[PDB]
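Undergrad: If you scroll down you'll find the structure; I have some questions about it.
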Amino acid sequence: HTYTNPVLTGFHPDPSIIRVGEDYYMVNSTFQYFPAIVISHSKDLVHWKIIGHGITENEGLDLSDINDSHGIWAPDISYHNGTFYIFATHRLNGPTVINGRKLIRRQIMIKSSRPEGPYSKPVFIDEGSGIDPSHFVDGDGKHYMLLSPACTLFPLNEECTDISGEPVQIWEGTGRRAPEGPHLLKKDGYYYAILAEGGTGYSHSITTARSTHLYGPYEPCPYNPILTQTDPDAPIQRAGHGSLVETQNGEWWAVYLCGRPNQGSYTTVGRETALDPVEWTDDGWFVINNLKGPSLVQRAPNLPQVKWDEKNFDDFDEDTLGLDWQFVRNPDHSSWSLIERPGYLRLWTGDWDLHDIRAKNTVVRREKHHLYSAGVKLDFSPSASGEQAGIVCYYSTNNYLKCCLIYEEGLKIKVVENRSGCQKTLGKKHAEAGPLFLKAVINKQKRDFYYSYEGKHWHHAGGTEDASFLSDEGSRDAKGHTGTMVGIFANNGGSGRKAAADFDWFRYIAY
Amino acid sequence: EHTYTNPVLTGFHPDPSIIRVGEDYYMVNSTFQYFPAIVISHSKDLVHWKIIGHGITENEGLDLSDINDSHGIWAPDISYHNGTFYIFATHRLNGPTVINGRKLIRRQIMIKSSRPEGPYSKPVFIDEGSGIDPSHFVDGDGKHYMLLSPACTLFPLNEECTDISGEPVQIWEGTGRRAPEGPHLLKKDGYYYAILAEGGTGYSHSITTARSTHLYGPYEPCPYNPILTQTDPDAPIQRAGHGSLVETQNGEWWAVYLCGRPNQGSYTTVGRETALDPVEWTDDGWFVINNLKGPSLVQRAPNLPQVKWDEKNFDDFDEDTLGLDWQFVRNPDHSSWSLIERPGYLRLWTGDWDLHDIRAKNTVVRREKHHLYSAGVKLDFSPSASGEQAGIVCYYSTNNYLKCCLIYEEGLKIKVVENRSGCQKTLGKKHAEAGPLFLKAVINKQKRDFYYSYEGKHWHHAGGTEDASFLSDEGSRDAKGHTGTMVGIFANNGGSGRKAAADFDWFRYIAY
Ligand SMILES: [Ca+2]
Ligand SMILES: [Ca+2]
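Sequence order for the protein chains is B and A.
Start counting the first sequence at 5; every next residue gets the next number (the entry's author numbering).
Start counting the second sequence at 4; every next residue gets the next number (the entry's author numbering).
Okay, here's the thing in structure tokens:
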């Protein structure tokens, strides 16, 4: 078998992976999205399925006022003596006084006896000096937390709820920018230190060092960088922030984040998770894909192939939300339901439009292709100015593209962009009453919306020939760490009314 | 308990003729220059249809190799009587041809079989060139008749239906609308009902009827005429006419008929398709279609058990027989295509003629059934000299197509070429790398684009057009435009004569 990178497509940055027996588990950062920290499962390292999230209860983490691309950053999953641990940085909006100390970051620790959870309520380790916490357990069973800058080693208590001693920077890195995502690996009598360097942009790389002692000194790998993209014309870029795993058949593999530039330097679907083999060298080191950079097509891992149901069609006939969905920030559980009208995802119209950080219950999934369509069947009866419901391609509060049934002096199908903070109506068509179908068609950076009354004859509502603002780089946001998502929303245009927008189904089609 | 949206048999499916046998429904559609000829479909609920075979499958039975675009096999008629399935159809010749001393531009074909899917007998020609659209009718005494245009002209047939046995009589001339054709006769409640398609198969298409107590008339016209037509120019379904009636096993009456879906203007991109609507019998001895409202866009489904079929949108070409959703443009050259020389691949050996030539062989295409779709292939091809090419094509006729091919043209290139009403234009040409290759056509209404990939993940634009309206009956500007845009594969050597194998791993059709 062969596979083509990325193996986990769409918004899946900062991968951290473990193997427990025949099962592989991976976590990715979620930033302002809820539930926080997506957890995925695989048997073959190629095909991945979402099985849960680390933080699922609103009482565990308040993202309701967290700024775009702040919140939950690079997570780290580990397993030790029957306990699954997840650490992650929680990035605050700015300087915040917590129990007397001023911080812009907090570290989170959750744990569980099961990979999918439910995990313990988040415990905060208030070490604000760096990002990307990484759990390491030495041969003597002592627990440690690695943290940026570079490899800064903190001792932890046995429960991993607090730091038990002074930190030491055991390796400073290579001198590249923003040394982060530190990891430690113990093999062949060495401690191997792994870093992401160059920043998560187009200079991203992976560098390593080794020492016979936990606290050093560490010598740099002569093959640094052991993974990076040196070819600017390649369709995969921004390769770095890796995590290593050994299979039950003795092969070594690395997952890492990357980006797929979409008609220019635009990471439309956000940073994704790629896979490439790790080769150990006869002089005591390891490299990734023989220093060739990220592969576009690669020999599959020596593991039995197991594909999963992708759930591209959601008819909403289960009383629990599918695990591929995310809320933009914490859900308002009073204003969405799968049980008030079985067979429908109901959104009661919230008070705020998508550009407002206070907007609740935008429900979206990851874009996994640059050629796809997404459609819904909607039952909605707006009766006052601004009451609206429909579909949205969402990057941030300043960057989205929505198509909705709206009341604006009668029923209308309306297409609106927010282009880096600039709102523009792209199209507005007369709408008839009754059940309605809406369809988003994405072809690279061209996006268009269509409506239909019976799902057979489609009429253009509006679109743009330049969707590059839906990307990390095109967003022009202060931080662009997420990815374009696609889904549904409803709000009352400020009327105050609670109106039921009933979505019969959502359908995603890669073409 | 369900609804359906017209058309029920989408893509190139004109001139429907339907029968019920027991709990099964069988329908034929015209195929013009495509081979095998006369597509035969099956349904149990009148809504979901699958192709089960074709009327004419052997090259010796019908030579279309030199038949002009939209000539060939016109409206077919299927019928069942005493264990024999009969299919009649006009074969439209290129022009005046002397046959056994006589001047004809049309011949009538009869084929028969004991099974709906065939194999049917070798075509027998009934050289009556005075009209089109033969329709088999058996009166209550068991005598066989052939109805033919103009309007309802009734020919008596011998018992074997191989020859005409008497003088014709025009039993009903129609309503005065133009091109009275597609005649049918139905005996019910002591009346003979005469059915016609009138107005032409364009935007004035309609269904009109008449009745009489005697086979030979006189016939009185239906006061509800036309009982089917599209009077709303803004409706997404147009050109409604050429109907065929069926009674279900539960006593419901339904009509299939042809229609068009105009695609951003009066452009029937995928060709005429087969729609369905209920037939209501009136208390004054007539019947209408959909209560005279014209074609439905959404309709109550027939009171029949629902049976859907496998659609075969992905073909991995690992059967040794070609899937029934494929058609050849004209007769295949069997020496230059194979599913067995490299199992798992549809192999096309590069033929001698490009698609603009009527002589082109082994263009293998299926019907477009949506205005939003993509079609892709994985191709293994190694052209080494000028003009050798293979790839995907959106094909309407020899004068109207859009092709994207790996071609050797001073090195390997990905080339997109349009033939727009006979005028050829290169829309794009990109440097290509050697090795297995992926090609993708993306269709969005009248916008069409082609992409290439070396591993199926990263797609690069090869070329496209913003106005594919020439891929339609009305936009083709051909002398006759009766077919529909098809999508598929092709290979040729540009006229060099060299034989190179173009191996297609799979073909993938995705409606989005
Ligand atoms: Ca539903
Ligand atoms: Ca194959």
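Ideal placement from N, C-alpha and C gives every residue a C-beta, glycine not left out.
(1) Give me the DSSP bridge partner(s) of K47 of chain A.
(2) Would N228 of chain B be called buried (16 or more neighbouring beta carbons within 10 Å of its own) or exposed?
(3) In its own chain, which residues sit with a C-beta less than 7 Å from the C-beta of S299 of chain B, not counting the 5 before and 5 after it?
(4) By DSSP, does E223 of chain B sit in helix, in strand, or in coil?
(5) Within the chosen definition, does the stretch 211–218 of chain B reach the stretch 485–502 of chain B through at least 3 CB pairs nearer than 8 Å?
(6) Which runs of the beta strand (DSSP E) fall wholly inside the stretch 231–310 of chain A and span at least 3 residues, in chain order?
(7) Under a Cβ-count criterion, where at least 16 other Cβ atoms within 10 Å of its own Cβ denotes burial, should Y260 of chain A be classed as buried or exposed?
(8) State the DSSP-derived secondary structure class of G64 of chain A, mapped to helix, strand or coil.
(9) Just to make sure I have the definition right: I need the residues of chain A whose C-beta is within less than 8 Å of the C-beta of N447 of chain B. Which are they?
(10) If I follow the unbroken beta strand (DSSP E) through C164 of chain A, where does it start and stop?
(11) Just reading off the beta strand (DSSP E) that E184 of chain A is part of, what are its end residues?
(12) So with CB distances below 9 Å, who are the chain B contacts of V419 of chain A?
(13) Under 5 Å from any heavy atom of ligand 2, by CB: list those residues in chain order, please.
(14) Kindly say whether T271 of chain A, judged by its beta-carbon, lies nearer than 9 Å to any beta-carbon of chain B.
(15) Residues of chain B with a CB under 7 Å from the CB of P239 of chain A: which are they?
(16) Let me make sure I understand the geometry here. Which of B:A437, B:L474, B:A435 and B:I417 has the alpha-carbon closest to that of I446 of chain B?
(17) If you measure from the beta carbon of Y515 of chain A to each beta carbon in chain B, is any gap under 9 Å?
(18) Nearest to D357 of chain B by alpha carbon, out of B:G185, B:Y89, B:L405 and B:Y348?
(19) CA-CA distance, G354 of chain A and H464 of chain A?
(20) What I want to know is whether the C-beta of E477 of chain B ends up closer than 8 Å to one or more non-hydrogen atoms of ligand 3.
(21) Measure the alpha-carbon distance for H45 of chain B versus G478 of chain B and round it to whole angstroms.
(22) Which same chain residues end up closer than 8 Å to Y457 of chain B when comparing Cβ atoms and leaving out the 5 residues on each side of it in sequence?
(23) Hey, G14 of chain B and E371 of chain B are a contact pair by Cβ (cut 8 Å); roughly how many whole angstroms apart?
(24) Less than 9 Å between the C-beta atoms of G246 of chain B and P19 of chain B, yes or no?
(25) Could you work out which residues of chain A lie near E63 of chain B, taking near to mean beta carbons separated by less than 8 Å?
(26) Just how far apart, CA to CA, sit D130 of chain A and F317 of chain B?
(27) Since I76 of chain B sits in a beta bridge, which residues does DSSP pair it with?
(28) List, in order along the chain, the chain B residues whose C-beta lies closer than 9 Å to that of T8 of chain A?
(29) Can you pull the chain B neighbours of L300 of chain A, defined as C-beta to C-beta under 9 Å?
(30) Does the beta carbon of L375 of chain B sit closer than 9 Å to a beta carbon anywhere in chain A?
(31) Can you tell me whether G244 of chain B is buried or exposed, with buried defined as 16 or more other CB within 10 angstroms of its CB?
(32) Taking DSSP as the reference, what is the three-state secondary structure of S138 of chain B?
(33) With contact counted as at least three CB pairs below 8 Å, one residue from each stretch, are the stretch 264–271 of chain B and the stretch 329–339 of chain B in contact?
(34) Could you have a look at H337 of chain A and say whether DSSP puts it in helix, strand or coil?
TA: In brief:
(1) Position 44 of the second sequence, counting from 1, holds the residue named residue 47 of chain A. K47 of chain A is not bridged to any residue.
(2) To locate residue 228 of chain B, count along the first sequence from 1; it is residue 224. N228 of chain B is buried by the Cβ-count criterion.
(3) Taking the first residue of the first sequence as 1, we reach residue 299 of chain B at position 295. Same-chain partners within the cutoff: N9, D280 and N293.
(4) Position 219 of the first sequence, counting from 1, holds the residue named residue 223 of chain B. Correct three-state label for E223 of chain B: strand.
(5) no
(6) 241–250, 256–263, 276–284 and 290–292
(7) To locate residue 260 of chain A, count along the second sequence from 1; it is residue 257. Classification for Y260 of chain A: buried.
(8) Here the question's residue 64 of chain A lines up with position 61 in the second sequence. If DSSP states are grouped into helix, strand and coil, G64 of chain A belongs with the helices.
(9) Within the first sequence, residue 447 of chain B is the residue found at index 443, counting from 1. Residues of chain A passing the Cβ test: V445, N447 and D452.
(10) As a first step, residue 164 of chain A is located in the second sequence; it is residue number 161 there, counting from the start. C164 of chain A -> no beta strand (DSSP E), and no H or E assigned at all.
(11) If you number the second sequence from 1, residue 184 of chain A lands on position 181. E184 of chain A -> beta strand (DSSP E) spans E184 to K191.
(12) Taking the first residue of the second sequence as 1, we reach residue 419 of chain A at position 416. By Cβ distance, chain B contributes nothing, its closest Cβ being about 16 Å from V419 of chain A, past 9 Å.
(13) A:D319, A:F320, A:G347, A:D508 and A:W509
(14) Along the second sequence, one-based indexing puts residue 271 of chain A at 268. Not one chain B Cβ lies under 9 Å of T271 of chain A.
(15) On the second sequence, position 236 is the one that residue 239 of chain A refers to. Correct list: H461.
(16) Walking along the first sequence from the start, residue 446 of chain B turns up at place 442. The candidate whose alpha carbon is nearest that of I446 of chain B is B:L474.
(17) The residue labelled residue 515 of chain A in the question sits at position 512 within the second sequence. Yes - at least one Cβ of chain B is within 9 Å of the one on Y515 of chain A.
(18) Along the first sequence, one-based indexing puts residue 357 of chain B at 353. The option with the nearest alpha carbon to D357 of chain B is B:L405.
(19) Mapped onto the second sequence, residue 354 of chain A falls at position 351. Mapped onto the second sequence, residue 464 of chain A falls at position 461. About 27 Å.
(20) Among the ligands present in this structure, namely ligand 1 and ligand 2, ligand 3 is not found.
(21) For the purposes of this step, residue 45 of chain B is identified with residue 41 of the first sequence, where counting begins at 1. For the purposes of this step, residue 478 of chain B is identified with residue 474 of the first sequence, where counting begins at 1. Cα to Cα, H45 of chain B sits roughly 31 Å from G478 of chain B.
(22) Here residue 457 of chain B corresponds to residue number 453 of the first sequence, with the count starting at 1. Result list for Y457 of chain B: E436, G438, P439, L440 and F441, in chain order.
(23) Numbered from 1 along the first sequence, position 10 holds the residue referred to as residue 14 of chain B. Numbered from 1 along the first sequence, position 367 holds the residue referred to as residue 371 of chain B. That pair is a contact at about 6 Å.
(24) For the purposes of this step, residue 246 of chain B is taken as residue 242 along the first sequence, with counting starting at 1. For the purposes of this step, residue 19 of chain B is taken as residue 15 along the first sequence, with counting starting at 1. Their beta carbons are under 9 Å apart, which means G246 of chain B touches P19 of chain B by this criterion.
(25) What you label residue 63 of chain B is simply residue 59 of the first sequence in a count that begins at 1. Here the premise fails: no neighbours, minimum Cβ distance about 41 Å.
(26) For the purposes of this step, residue 130 of chain A is identified with residue 127 of the second sequence, where counting begins at 1. For the purposes of this step, residue 317 of chain B is identified with residue 313 of the first sequence, where counting begins at 1. Distance between the alpha carbons of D130 of chain A and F317 of chain B is about 55 Å.
(27) Position 72 of the first sequence, counted from the start, is the residue given in the question as residue 76 of chain B. Per DSSP, B:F35 and B:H94.
(28) Position 5 of the second sequence, counted from the first residue, corresponds to residue 8 of chain A. Per Cβ cutoff of 9 Å: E458, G459, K460 and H461.
(29) The residue labelled residue 300 of chain A in the question sits at position 297 within the second sequence. Ordered by position in chain B, the residues that pass the 9 Å Cβ test against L300 of chain A are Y457, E458, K460 and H461.
(30) In the first sequence, the residue the question calls residue 375 of chain B occupies position 371. Yes, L375 of chain B counts as interfacial toward chain A.
(31) Translated into the one-based positions of the first sequence, residue 244 of chain B becomes position 240. Answer is buried; the Cβ neighbour count reaches 16.
(32) Here the question's residue 138 of chain B lines up with position 134 in the first sequence. Here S138 of chain B sits in strand by DSSP.
(33) no
(34) Position 334 of the second sequence, counted from the start, is the residue given in the question as residue 337 of chain A. Helix.
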